[PDB]
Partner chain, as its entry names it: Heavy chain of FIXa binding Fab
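The chain below stands alone, shown as structure tokens; this is the form deposited without the partner chain.
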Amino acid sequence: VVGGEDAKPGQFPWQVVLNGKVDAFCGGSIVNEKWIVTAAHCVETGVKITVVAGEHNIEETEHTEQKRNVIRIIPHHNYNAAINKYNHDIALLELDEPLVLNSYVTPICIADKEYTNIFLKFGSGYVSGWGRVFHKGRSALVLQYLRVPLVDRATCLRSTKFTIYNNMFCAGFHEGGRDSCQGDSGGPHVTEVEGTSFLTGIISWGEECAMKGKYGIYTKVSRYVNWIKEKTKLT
């Protein structure tokens, strides 16, 4: 996250970090005790990818951290139906053993298709991660967050040569300087409603982070809420 601020412990208790052949390479969010939602581009491979819930500072021990192995990865069936589009950039990860929900490990709420879109359209959400703190720069040690404004679709369309689908949205500041960045991908875009946070997007992609006239691109979660619900049922 470029130009954000340190989260406090337990401020985003649905946030997780993904580790593998690279540490902290992507974020995700807790759907329930057994399931994480993330970006499919993060998990095109699975070799001992590990999830850490209850994380705050990546170089220290807080004694809130819950580490789990991923046993199953389900990318959206239509992801990679079209080469290099990032269309349908969402995936589910099933954990080997359930998380123990507590104040530092709590799911994000997921509303139905209609209300996720309503909540998105409220026009302000929070984004968080341990991604780069400057474009082409280093990664964050303490979890970062940032309020990003929703950007109107026509503006976003003009901001890039790349295709922006109906399954995506843009968010950010016209002046640049503050943005999501690489390493943040897969993490939550969330909208707080009377103190309860709902998942409204997945941090997906972008061009140079925080550059004026460029915006973060997010997966429109409303389009995928029925699929998430269907896949992540507990028995």
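Residues that one form lacks are left out of the comparison. So that the term is clear: the rigid core is the largest set of C-alpha atoms that superpose within 1.5 Å between two forms. Residue numbers count along the first chain shown, from 1.
There is also a form solved in complex with the partner chain; it is not shown, and the following applies to it.
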Does the partner chain get within 4.5 angstroms of any non-hydrogen atom of residue 136 in the bound PDB entry?
no
Contact between residue 157 and the partner chain in the bound PDB entry at 4.5 Å, heavy atoms?
yes
Which of these stretches, 67-75, 136-144, 157-165, 90-98, has heavy atoms within 4.5 Å of the partner chain in the bound PDB entry?
157-165
Interface residues of 11-48 toward the partner chain, as seen in the bound PDB entry [heavy atoms, 4.5 Å]:
none
Have a look at 166, 45, 61, 196 and give me the residue whose C-alpha moves 2 Å or more between this form and the one not shown, with the fit done on the rigid core.
45
Taking the rigid core as reference, which runs of at least three consecutive residues show Cα movement of 2 Å or more between this form and the one not shown?
45-48
